[PDB]
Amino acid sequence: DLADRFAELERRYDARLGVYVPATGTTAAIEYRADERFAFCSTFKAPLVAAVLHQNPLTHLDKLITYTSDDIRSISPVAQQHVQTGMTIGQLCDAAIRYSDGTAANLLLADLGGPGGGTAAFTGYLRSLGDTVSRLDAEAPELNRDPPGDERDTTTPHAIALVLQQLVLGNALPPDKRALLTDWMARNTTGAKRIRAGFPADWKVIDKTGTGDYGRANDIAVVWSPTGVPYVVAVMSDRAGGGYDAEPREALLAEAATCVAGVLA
């Protein structure tokens, strides 16, 4: 029944949709193509910032990172404007989450160490949380310039939602670090037309979005009902038949979020 509605959405948008909301004490898990792989795009930036927080002392946030104009490979609304000053690990965190800054992310990986510019260390951090499915192989970008059917740089709605659940609602991070991550996602500036648009205004929403080629659009959120009940919502889509230059349908993610809201309501 729910599946049928999701399918209609799939038809209505010429897209592939993947949805997952973890089960709770009173609601069954919601799932559509929950175990199929979808490109991370920038959604990794969120558990990345938790990788960075887990590993180091709070104090580490103040550490200044220096980079050059050639380090700027991808959309960098913030890092582009600070080549002269550089940014603390804290300002990098903030921008990788709230503005989806491609360079801020590229830096924070590095700051994680080891082969793959940091991607092994990052996939290392996912594993540590029980996620054996997801994998980040490449750096920003290219991460969103893979072919449909390529398993590098992918995750599932299932896998990312359980991760996000531990970060924000669970015990993955000490409380101090927990509120840093959560507060940064609550003030995300890139998601107003996604999960957040599909839910009544009186539900609180935090999230981190992802966008890529082949009409890739993702959104991962934690929502709070008017009464304070939290749920984790993972919504992912691509439109492979439109090819590389296919356009991401944001209204797909907003609608699927409305279907989800009605079922949680």
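Counting begins at 1, following the sequence as shown.
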query = When the C-alpha temperature factors are averaged for each of 133 to 141 and 165 to 173, which stretch ends up with the higher value in the entry?
reply = 133 to 141
ask   = Is the mean CA B factor in the deposited entry higher across 81 to 89 or across 112 to 120?
value = 81 to 89
remark   = Listed options 26, 209, 237, 225: highest C-alpha B factor recorded at 26
query = Which one, 31, 202, 219, 62, has the peak C-alpha temperature factor per the PDB entry?
reply = 62
inquiry  = Lowest, middle or highest third: which one holds residue 73 when the chain's residues are ordered by CA B-factor from the entry?
reply    = highest
query = Of the three thirds of its chain by CA temperature factor, lowest, middle or highest, which one includes residue 42?
reply = middle
request  = Tell me, lowest, middle or highest third: where does the Cα B factor of residue 157 rank within its chain?
outcome  = lowest
request  = Pull the Cα B-factor of residue 245 out of the PDB entry and bin it into the chain's lowest, middle or highest third.
outcome  = highest
key: Chain third (lowest, middle, highest) by recorded CA B-factor, residue given as residue 197   = lowest
